[PDB]
Amino acid sequence: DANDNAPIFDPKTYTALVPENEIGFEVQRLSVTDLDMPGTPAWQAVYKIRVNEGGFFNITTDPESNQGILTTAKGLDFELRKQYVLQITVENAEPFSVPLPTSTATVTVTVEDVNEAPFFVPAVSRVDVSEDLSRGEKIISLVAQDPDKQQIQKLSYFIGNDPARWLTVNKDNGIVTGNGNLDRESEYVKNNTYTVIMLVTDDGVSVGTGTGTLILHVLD
Ligand SMILES: *[C@@H]1O[C@H](CO)[C@@H](O)[C@H](O)[C@H]1NC(C)=O
Ligand SMILES: *[C@@H]1O[C@H](CO)[C@@H](O)[C@H](O)[C@H]1NC(C)=O
Ligand SMILES: *[C@@H]1O[C@H](CO)[C@@H](O)[C@H](O)[C@H]1NC(C)=O
Ligand SMILES: *[C@@H]1O[C@H](CO)[C@@H](O)[C@H](O)[C@H]1NC(C)=O
Ligand SMILES: *[C@@H]1O[C@H](CO)[C@@H](O)[C@H](O)[C@H]1NC(C)=O
Ligand SMILES: *[C@@H]1O[C@H](CO)[C@@H](O)[C@H](O)[C@H]1NC(C)=O
Ligand SMILES: *[C@@H]1O[C@H](CO)[C@@H](O)[C@H](O)[C@H]1NC(C)=O
Ligand SMILES: *[C@H]1O[C@H](CO)[C@@H](O)[C@H](O)[C@H]1NC(C)=O
Ligand SMILES: *[C@H]1O[C@H](CO)[C@@H](O)[C@H](O)[C@H]1NC(C)=O
Ligand SMILES: *[C@H]1O[C@H](CO)[C@@H](O)[C@H](O)[C@H]1NC(C)=O
Ligand SMILES: *[C@H]1O[C@H](CO)[C@@H](O)[C@H](O)[C@H]1NC(C)=O
Ligand SMILES: *[C@H]1O[C@H](CO)[C@@H](O)[C@H](O)[C@H]1NC(C)=O
Ligand SMILES: *[C@H]1O[C@H](CO)[C@@H](O)[C@H](O)[C@H]1NC(C)=O
Ligand SMILES: [Ca+2]
Ligand SMILES: [Ca+2]
Ligand SMILES: [Ca+2]
Ligand SMILES: [Ca+2]
Ligand SMILES: [Ca+2]
Ligand SMILES: [Ca+2]
């Protein structure tokens, strides 16, 4: 036998759908037909993409009908891109016994969306506030942000961490007011501090959590 033949794809252009993030996962498989002798290196396919955008793709070969098995190199992420036009050429392991036509496969990808958790913006060393505060007064009018611009999903603001009960939140407007009697003078307060953490949840359409710390400067 001789490497008289080159490999030929059975589709020339494919398509597949994909998800943003669990991932490193099988997108689509490809078909081809070289005509020289089967168990031979004049029959084993070798691939490669022409251009690897963020270099987030890997493709292996398989001794089945030595189909082209493409996958995800490093998860995706997005709301950044939906389209992927890339091309893969196929060779044999051993060079050709004649000039031949190299034949590519052109392929299109689409990224499905998964919706992620929201986040308070910072982790706040905010309110240098005094001990004389009136039980029920504006301390920190805060806000959190959520990724997915599909944004027709709101959330609810919940508090959480805790030495004892002073502060209070409007859950549908994230407003931290100050209820209670405080006293810079004494117990939990360690260095001039009082640190508290709170939460926020992604609803509207699925699930979410947001852990944000909050240090507030008490006064004398
Ligand atoms: C698109 O992708 C699907 C994946 O199931 C594939 O069957 C199809 O041949 C590809 N091409 C087009 C035009 O749909
Ligand atoms: C490989 O695919 C081409 C495209 O149809 C076809 O003509 C050829 O017969 C296939 N190879 C074999 C051994 O059938
Ligand atoms: C498929 O092709 C790639 C690209 O060269 C190669 O690295 C990989 O080893 C091949 N897979 C097999 C099983 O030969
Ligand atoms: C694949 O990318 C090409 C290049 O623009 C486009 O024509 C095609 O619609 C994309 N997806 C499918 C289903 O072929
Ligand atoms: C304040 O933050 C510190 C540092 O993590 C933590 O140990 C403490 O429990 C928080 N609350 C108070 C009242 O100090
Ligand atoms: C949000 O995260 C919290 C972490 O404190 C977790 O316990 C909770 O299950 C999450 N909520 C939802 C709705 O998934
Ligand atoms: C946020 O909530 C998650 C869910 O329990 C938790 O794992 C994480 O420690 C929390 N803290 C931050 C800063 O996200
Ligand atoms: C892609 O995944 C395969 C399977 O683990 C690995 O052997 C290979 O090094 C990775 N990268 C490339 C370019 O094939
Ligand atoms: C097409 O490119 C391949 C390498 O990817 C090369 O081996 C082949 O000879 C090229 N085609 C021609 C007609 O030279
Ligand atoms: C695959 O199809 C696309 C669109 O028709 C084209 O740009 C690309 O060059 C094709 N590859 C081959 C080998 O024809
Ligand atoms: C693969 O085929 C396409 C279209 O036929 C061609 O434009 C491209 O140059 C080829 N790629 C290689 C490496 O030969
Ligand atoms: C809360 O968020 C702050 C960021 O300001 C971080 O330093 C701290 O470790 C977090 N505490 C917890 C329990 O998540
Ligand atoms: C209070 O202030 C000092 C100086 O900024 C800081 O380094 C320290 O972490 C804070 N709390 C304690 C218990 O020292
Ligand atoms: Ca061949
Ligand atoms: Ca032959
Ligand atoms: Ca995303
Ligand atoms: Ca998303
Ligand atoms: Ca979300
Ligand atoms: Ca006091």
# chains A, B, ... in the order shown; residues from 1 in each chain; ligands from 1
$ residues_near_ligand --ligand "ligand 1" --cutoff "10 Å" --atoms "only C-alpha atoms and all ligand atoms" --output "ChimeraX atom specification"
/A:11-17,27-29,107-110
$ write_last_selection --atoms "N, CA and C atoms" --output "PDB file, in the first residue's frame"
ATOM      1  N   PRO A  11     -18.888  15.594   7.471  1.00  0.00           N
ATOM      2  CA  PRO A  11     -19.876  16.686   7.330  1.00  0.00           C
ATOM      3  C   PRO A  11     -18.747  17.582   6.933  1.00  0.00           C
ATOM      4  N   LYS A  12     -19.015  18.791   6.483  1.00  0.00           N
ATOM      5  CA  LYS A  12     -17.940  19.758   6.153  1.00  0.00           C
ATOM      6  C   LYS A  12     -18.056  20.917   7.144  1.00  0.00           C
ATOM      7  N   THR A  13     -19.289  21.128   7.609  1.00  0.00           N
ATOM      8  CA  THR A  13     -19.645  22.171   8.585  1.00  0.00           C
ATOM      9  C   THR A  13     -20.639  21.660   9.667  1.00  0.00           C
ATOM     10  N   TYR A  14     -20.225  21.648  10.939  1.00  0.00           N
ATOM     11  CA  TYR A  14     -21.081  21.176  12.055  1.00  0.00           C
ATOM     12  C   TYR A  14     -21.551  22.305  12.974  1.00  0.00           C
ATOM     13  N   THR A  15     -22.351  21.944  13.989  1.00  0.00           N
ATOM     14  CA  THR A  15     -22.784  22.892  15.035  1.00  0.00           C
ATOM     15  C   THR A  15     -23.128  22.203  16.352  1.00  0.00           C
ATOM     16  N   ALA A  16     -22.902  22.887  17.459  1.00  0.00           N
ATOM     17  CA  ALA A  16     -23.204  22.284  18.744  1.00  0.00           C
ATOM     18  C   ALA A  16     -23.428  23.405  19.717  1.00  0.00           C
ATOM     19  N   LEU A  17     -24.108  23.082  20.809  1.00  0.00           N
ATOM     20  CA  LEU A  17     -24.425  24.050  21.851  1.00  0.00           C
ATOM     21  C   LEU A  17     -23.587  23.773  23.078  1.00  0.00           C
ATOM     22  N   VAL A  27     -17.893  18.695  23.161  1.00  0.00           N
ATOM     23  CA  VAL A  27     -18.781  19.503  22.329  1.00  0.00           C
ATOM     24  C   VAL A  27     -19.452  18.731  21.184  1.00  0.00           C
ATOM     25  N   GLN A  28     -18.645  18.228  20.254  1.00  0.00           N
ATOM     26  CA  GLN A  28     -19.148  17.474  19.107  1.00  0.00           C
ATOM     27  C   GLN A  28     -18.071  16.533  18.598  1.00  0.00           C
ATOM     28  N   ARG A  29     -18.505  15.452  17.956  1.00  0.00           N
ATOM     29  CA  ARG A  29     -17.592  14.473  17.369  1.00  0.00           C
ATOM     30  C   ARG A  29     -17.632  14.641  15.853  1.00  0.00           C
ATOM     31  N   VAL A 107     -16.523  24.871  11.763  1.00  0.00           N
ATOM     32  CA  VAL A 107     -17.548  24.681  12.806  1.00  0.00           C
ATOM     33  C   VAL A 107     -18.000  25.813  13.730  1.00  0.00           C
ATOM     34  N   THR A 108     -19.311  25.802  13.985  1.00  0.00           N
ATOM     35  CA  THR A 108     -20.001  26.794  14.800  1.00  0.00           C
ATOM     36  C   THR A 108     -20.561  26.433  16.137  1.00  0.00           C
ATOM     37  N   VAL A 109     -20.131  27.192  17.133  1.00  0.00           N
ATOM     38  CA  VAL A 109     -20.548  26.943  18.492  1.00  0.00           C
ATOM     39  C   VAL A 109     -21.381  28.035  19.139  1.00  0.00           C
ATOM     40  N   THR A 110     -22.283  27.606  20.017  1.00  0.00           N
ATOM     41  CA  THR A 110     -23.162  28.515  20.745  1.00  0.00           C
ATOM     42  C   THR A 110     -23.185  28.186  22.231  1.00  0.00           C
TER      43      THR A 110
END
$ residues_around --residues "residue 196 in chain A" --least-positions-apart "3" --cutoff "10 Å" --atoms "only C-alpha atoms" --output "mmCIF file with C-alpha atoms, in the first residue's frame"
data_model
loop_
_atom_site.group_PDB
_atom_site.id
_atom_site.type_symbol
_atom_site.label_atom_id
_atom_site.label_comp_id
_atom_site.auth_asym_id
_atom_site.auth_seq_id
_atom_site.Cartn_x
_atom_site.Cartn_y
_atom_site.Cartn_z
ATOM 1 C CA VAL A 124 -17.308 47.362 53.882
ATOM 2 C CA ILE A 159 -28.290 39.657 57.166
ATOM 3 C CA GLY A 160 -26.332 36.913 58.812
ATOM 4 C CA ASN A 161 -23.213 37.061 60.945
ATOM 5 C CA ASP A 162 -23.642 37.914 64.521
ATOM 6 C CA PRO A 163 -22.732 38.848 67.935
ATOM 7 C CA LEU A 167 -29.016 46.299 63.148
ATOM 8 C CA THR A 193 -14.182 47.199 65.948
ATOM 9 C CA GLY A 212 -20.015 40.119 52.302
ATOM 10 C CA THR A 213 -18.237 41.270 55.416
ATOM 11 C CA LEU A 214 -18.922 44.523 57.089
ATOM 12 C CA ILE A 215 -16.715 46.343 59.576
ATOM 13 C CA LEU A 216 -18.249 49.480 61.105
#
$ residues_near_ligand --ligand "ligand 2" --cutoff "12 Å" --atoms "only C-alpha atoms and all ligand atoms" --output "JSON, numbers by chain"
{"A": [5, 6, 7, 8, 9, 10, 11, 12, 31, 32, 33, 34, 35, 36, 37, 38, 43, 65]}
$ residues_near_ligand --ligand "ligand 3" --cutoff "7 Å" --atoms "only C-alpha atoms and all ligand atoms" --output "short mmCIF file (atom, residue, chain, number, x, y, z; two decimals) with C-alpha atoms, in the first residue's frame"
data_model
loop_
_atom_site.label_atom_id
_atom_site.label_comp_id
_atom_site.auth_asym_id
_atom_site.auth_seq_id
_atom_site.Cartn_x
_atom_site.Cartn_y
_atom_site.Cartn_z
CA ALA A 45 -6.22 11.05 11.54
CA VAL A 46 -4.43 13.95 13.22
CA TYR A 47 -6.15 17.24 13.88
CA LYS A 48 -5.72 20.78 15.08
CA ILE A 59 -9.20 17.98 20.29
CA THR A 60 -8.16 14.40 20.31
CA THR A 61 -8.40 11.57 17.84
CA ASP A 62 -9.84 8.06 18.38
CA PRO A 63 -9.24 4.57 16.89
#
$ atom_distance --atom1 "CA of residue 51 in chain A" --atom2 "CA of residue 24 in chain A"
18.7 Å
$ residues_near_ligand --ligand "ligand 19" --cutoff "9 Å" --atoms "only C-alpha atoms and all ligand atoms" --output "number ranges by chain"
A: 131-132, 182-186, 220
$ write_last_selection --atoms "N, CA, C and O atoms" --output "short mmCIF file (atom, residue, chain, number, x, y, z; two decimals), in the first residue's frame"
data_model
loop_
_atom_site.label_atom_id
_atom_site.label_comp_id
_atom_site.auth_asym_id
_atom_site.auth_seq_id
_atom_site.Cartn_x
_atom_site.Cartn_y
_atom_site.Cartn_z
N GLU A 131 -21.92 56.08 69.18
CA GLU A 131 -22.74 55.30 70.11
C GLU A 131 -24.15 55.85 70.38
O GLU A 131 -25.06 55.10 70.74
N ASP A 132 -24.32 57.17 70.22
CA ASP A 132 -25.60 57.85 70.46
C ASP A 132 -26.67 57.62 69.38
O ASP A 132 -27.74 58.22 69.43
N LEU A 182 -26.26 50.60 71.67
CA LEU A 182 -24.92 50.16 71.40
C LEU A 182 -24.14 50.76 72.55
O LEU A 182 -24.72 51.43 73.41
N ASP A 183 -22.84 50.50 72.58
CA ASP A 183 -21.99 51.02 73.64
C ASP A 183 -20.57 50.66 73.27
O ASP A 183 -20.12 49.53 73.46
N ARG A 184 -19.87 51.64 72.70
CA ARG A 184 -18.49 51.45 72.28
C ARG A 184 -17.73 50.81 73.41
O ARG A 184 -16.87 49.95 73.21
N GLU A 185 -18.09 51.23 74.60
CA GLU A 185 -17.41 50.76 75.77
C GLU A 185 -17.23 49.32 76.08
O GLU A 185 -16.37 49.04 76.91
N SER A 186 -17.93 48.35 75.50
CA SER A 186 -17.54 47.12 76.13
C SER A 186 -17.40 45.68 75.87
O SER A 186 -16.49 45.09 76.44
N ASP A 220 -16.53 57.08 70.21
CA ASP A 220 -16.66 57.38 71.61
C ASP A 220 -17.38 58.60 72.11
O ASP A 220 -17.30 59.73 71.59
#
$ residues_near_ligand --ligand "ligand 16" --cutoff "7 Å" --atoms "only C-alpha atoms and all ligand atoms" --output "MDAnalysis selection string"
chainID A and resid 20 77:79 147:148
$ residues_near_ligand --ligand "ligand 6" --cutoff "7 Å" --atoms "only C-alpha atoms and all ligand atoms" --output "list in words"
residues 201, 202, 207, 208, 209 and 210 of chain A
$ closest_atom_pairs --of "chain A" --to "ligand 9" --cutoff "10 Å" --atoms "only C-alpha atoms and all ligand atoms" --output "Markdown table"
| residue | atom | partner | partner_atom_place_in_ligand_line | distance |
| --- | --- | --- | --- | --- |
| A:6 | CA | ligand 9 | 8 (C) | 9.1 |
| A:46 | CA | ligand 9 | 5 (O) | 9.7 |
| A:47 | CA | ligand 9 | 5 (O) | 9.0 |
| A:48 | CA | ligand 9 | 5 (O) | 9.1 |
| A:50 | CA | ligand 9 | 5 (O) | 9.8 |
| A:88 | CA | ligand 9 | 5 (O) | 9.5 |
| A:89 | CA | ligand 9 | 5 (O) | 6.3 |
| A:90 | CA | ligand 9 | 5 (O) | 7.0 |
| A:91 | CA | ligand 9 | 5 (O) | 6.5 |
| A:92 | CA | ligand 9 | 7 (O) | 8.9 |
| A:94 | CA | ligand 9 | 7 (O) | 9.9 |
| A:95 | CA | ligand 9 | 7 (O) | 7.0 |
| A:96 | CA | ligand 9 | 7 (O) | 7.2 |
| A:97 | CA | ligand 9 | 9 (O) | 9.9 |
| A:98 | CA | ligand 9 | 9 (O) | 8.0 |
| A:99 | CA | ligand 9 | 13 (C) | 5.1 |
| A:100 | CA | ligand 9 | 13 (C) | 4.4 |
| A:101 | CA | ligand 9 | 13 (C) | 4.3 |
| A:102 | CA | ligand 9 | 1 (C) | 3.7 |
| A:103 | CA | ligand 9 | 1 (C) | 7.2 |
| A:104 | CA | ligand 9 | 5 (O) | 9.0 |
$ write_last_selection --atoms "N, CA and C atoms" --output "tab-separated table (two decimals), in the first residue's frame"
chain	number	residue	atom	x	y	z
A	6	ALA	N	-5.86	11.01	0.81
A	6	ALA	CA	-5.97	11.99	1.88
A	6	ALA	C	-7.28	11.71	2.62
A	46	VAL	N	-5.07	13.03	12.28
A	46	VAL	CA	-4.43	13.95	13.22
A	46	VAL	C	-5.08	15.30	12.98
A	47	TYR	N	-5.51	15.95	14.05
A	47	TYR	CA	-6.15	17.24	13.88
A	47	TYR	C	-5.43	18.44	14.47
A	48	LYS	N	-6.19	19.52	14.55
A	48	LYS	CA	-5.72	20.78	15.08
A	48	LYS	C	-6.64	21.86	14.59
A	50	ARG	N	-7.19	25.89	13.64
A	50	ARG	CA	-6.30	26.84	13.01
A	50	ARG	C	-5.97	27.93	14.05
A	88	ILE	N	-10.76	23.00	11.52
A	88	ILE	CA	-9.82	21.93	11.82
A	88	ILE	C	-9.44	21.16	10.57
A	89	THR	N	-8.13	21.07	10.36
A	89	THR	CA	-7.62	20.33	9.22
A	89	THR	C	-7.24	18.95	9.73
A	90	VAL	N	-7.22	17.98	8.82
A	90	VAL	CA	-6.89	16.61	9.17
A	90	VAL	C	-5.82	16.01	8.27
A	91	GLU	N	-4.82	15.40	8.91
A	91	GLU	CA	-3.72	14.75	8.21
A	91	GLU	C	-3.67	13.30	8.65
A	92	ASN	N	-2.61	12.63	8.21
A	92	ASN	CA	-2.35	11.24	8.56
A	92	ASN	C	-1.12	11.38	9.43
A	94	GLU	N	1.83	9.69	8.95
A	94	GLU	CA	2.96	9.71	8.03
A	94	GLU	C	2.67	10.62	6.83
A	95	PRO	N	3.69	11.35	6.33
A	95	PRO	CA	3.57	12.27	5.19
A	95	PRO	C	2.90	11.63	3.99
A	96	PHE	N	2.64	12.42	2.95
A	96	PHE	CA	2.00	11.88	1.76
A	96	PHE	C	2.93	11.59	0.62
A	97	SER	N	2.60	10.50	-0.03
A	97	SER	CA	3.32	9.99	-1.17
A	97	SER	C	2.94	10.76	-2.42
A	98	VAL	N	2.34	11.94	-2.25
A	98	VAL	CA	1.90	12.76	-3.39
A	98	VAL	C	1.29	14.08	-2.92
A	99	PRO	N	1.33	15.13	-3.76
A	99	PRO	CA	0.71	16.38	-3.31
A	99	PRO	C	-0.76	16.07	-3.23
A	100	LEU	N	-1.43	16.58	-2.22
A	100	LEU	CA	-2.84	16.28	-2.09
A	100	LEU	C	-3.55	17.45	-1.49
A	101	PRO	N	-4.88	17.42	-1.52
A	101	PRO	CA	-5.63	18.53	-0.94
A	101	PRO	C	-5.91	18.32	0.56
A	102	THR	N	-5.50	19.30	1.38
A	102	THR	CA	-5.71	19.23	2.82
A	102	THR	C	-7.16	19.64	3.06
A	103	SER	N	-7.97	18.80	3.70
A	103	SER	CA	-9.32	19.29	3.88
A	103	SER	C	-9.88	19.53	5.25
A	104	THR	N	-10.22	20.80	5.46
A	104	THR	CA	-10.79	21.38	6.67
A	104	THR	C	-12.26	21.22	6.89
$ closest_atom_pairs --of "chain A" --to "ligand 18" --cutoff "9 Å" --atoms "only C-alpha atoms and all ligand atoms" --output "JSON lines"
{"residue": "A:114", "atom": "CA", "partner": "ligand 18", "partner_atom_place_in_ligand_line": "1 (Ca)", "distance": 8.3}
{"residue": "A:115", "atom": "CA", "partner": "ligand 18", "partner_atom_place_in_ligand_line": "1 (Ca)", "distance": 4.5}
{"residue": "A:116", "atom": "CA", "partner": "ligand 18", "partner_atom_place_in_ligand_line": "1 (Ca)", "distance": 4.0}
{"residue": "A:117", "atom": "CA", "partner": "ligand 18", "partner_atom_place_in_ligand_line": "1 (Ca)", "distance": 4.6}
{"residue": "A:118", "atom": "CA", "partner": "ligand 18", "partner_atom_place_in_ligand_line": "1 (Ca)", "distance": 5.9}
{"residue": "A:146", "atom": "CA", "partner": "ligand 18", "partner_atom_place_in_ligand_line": "1 (Ca)", "distance": 5.7}
{"residue": "A:147", "atom": "CA", "partner": "ligand 18", "partner_atom_place_in_ligand_line": "1 (Ca)", "distance": 6.3}
{"residue": "A:148", "atom": "CA", "partner": "ligand 18", "partner_atom_place_in_ligand_line": "1 (Ca)", "distance": 5.8}
{"residue": "A:149", "atom": "CA", "partner": "ligand 18", "partner_atom_place_in_ligand_line": "1 (Ca)", "distance": 8.9}
{"residue": "A:150", "atom": "CA", "partner": "ligand 18", "partner_atom_place_in_ligand_line": "1 (Ca)", "distance": 8.6}
{"residue": "A:151", "atom": "CA", "partner": "ligand 18", "partner_atom_place_in_ligand_line": "1 (Ca)", "distance": 7.6}
{"residue": "A:153", "atom": "CA", "partner": "ligand 18", "partner_atom_place_in_ligand_line": "1 (Ca)", "distance": 6.9}
{"residue": "A:154", "atom": "CA", "partner": "ligand 18", "partner_atom_place_in_ligand_line": "1 (Ca)", "distance": 8.2}
{"residue": "A:155", "atom": "CA", "partner": "ligand 18", "partner_atom_place_in_ligand_line": "1 (Ca)", "distance": 8.6}
{"residue": "A:201", "atom": "CA", "partner": "ligand 18", "partner_atom_place_in_ligand_line": "1 (Ca)", "distance": 8.5}
{"residue": "A:202", "atom": "CA", "partner": "ligand 18", "partner_atom_place_in_ligand_line": "1 (Ca)", "distance": 5.1}
{"residue": "A:203", "atom": "CA", "partner": "ligand 18", "partner_atom_place_in_ligand_line": "1 (Ca)", "distance": 7.1}
{"residue": "A:204", "atom": "CA", "partner": "ligand 18", "partner_atom_place_in_ligand_line": "1 (Ca)", "distance": 8.3}
{"residue": "A:205", "atom": "CA", "partner": "ligand 18", "partner_atom_place_in_ligand_line": "1 (Ca)", "distance": 7.7}
{"residue": "A:206", "atom": "CA", "partner": "ligand 18", "partner_atom_place_in_ligand_line": "1 (Ca)", "distance": 7.2}
{"residue": "A:207", "atom": "CA", "partner": "ligand 18", "partner_atom_place_in_ligand_line": "1 (Ca)", "distance": 6.8}
{"residue": "A:208", "atom": "CA", "partner": "ligand 18", "partner_atom_place_in_ligand_line": "1 (Ca)", "distance": 6.5}
$ residues_near_ligand --ligand "ligand 15" --cutoff "6 Å" --atoms "only C-alpha atoms and all ligand atoms" --output "ChimeraX atom specification"
/A:1-4,36
$ write_last_selection --atoms "C-alpha atoms" --output "PDB file, in the first residue's frame"
ATOM      1  CA  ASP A   1       0.000   0.000   0.000  1.00  0.00           C
ATOM      2  CA  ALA A   2       0.818   3.661  -0.469  1.00  0.00           C
ATOM      3  CA  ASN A   3      -0.475   6.937   0.972  1.00  0.00           C
ATOM      4  CA  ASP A   4      -2.192   7.708  -2.314  1.00  0.00           C
ATOM      5  CA  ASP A  36      -5.589   3.604   2.237  1.00  0.00           C
TER       6      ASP A  36
END
$ select_by_dssp --residues "range 51-130 of chain A" --states "strand (DSSP E or B)" --output "PyMOL selection string"
chain A and resi 57-61+68-72+84-88+91-92+105-112+119-120+124-125+129
$ residues_around --residues "range 134-136 of chain A" --least-positions-apart "3" --cutoff "9 Å" --atoms "only C-alpha atoms" --output "PDB file with C-alpha atoms, in the first residue's frame"
ATOM      1  CA  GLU A 131     -22.739  55.303  70.108  1.00  0.00           C
ATOM      2  CA  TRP A 166     -28.912  45.599  66.823  1.00  0.00           C
ATOM      3  CA  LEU A 167     -29.016  46.299  63.148  1.00  0.00           C
ATOM      4  CA  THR A 168     -31.692  45.784  60.568  1.00  0.00           C
ATOM      5  CA  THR A 177     -30.543  50.812  59.704  1.00  0.00           C
ATOM      6  CA  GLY A 178     -29.476  50.807  63.319  1.00  0.00           C
ATOM      7  CA  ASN A 179     -31.876  49.544  65.926  1.00  0.00           C
ATOM      8  CA  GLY A 180     -30.839  49.083  69.542  1.00  0.00           C
ATOM      9  CA  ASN A 181     -28.550  50.368  72.214  1.00  0.00           C
TER      10      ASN A 181
END
$ closest_residue --among "A:67, A:145, A:72, A:52" --to "residue 22 in chain A" --atoms "only C-alpha atoms"
A:72
$ residues_around --residues "residue 23 in chain A" --least-positions-apart "2" --cutoff "12 Å" --atoms "only C-alpha atoms" --output "list in words"
residues 18, 19, 20, 21, 25, 26, 27, 56, 57, 71, 72, 73, 74, 75, 76 and 77 of chain A
$ atom_distance --atom1 "CA of residue 211 in chain A" --atom2 "CA of residue 169 in chain A"
15.2 Å
$ residues_near_ligand --ligand "ligand 13" --cutoff "7 Å" --atoms "only C-alpha atoms and all ligand atoms" --output "NGL selection string"
:A and (190-193)
$ atom_distance --atom1 "CA of residue 158 in chain A" --atom2 "CA of residue 189 in chain A"
22.9 Å
$ residues_around --residues "residue 217 in chain A" --least-positions-apart "5" --cutoff "8 Å" --atoms "only C-alpha atoms" --output "PyMOL selection string"
chain A and resi 125-129+192-194
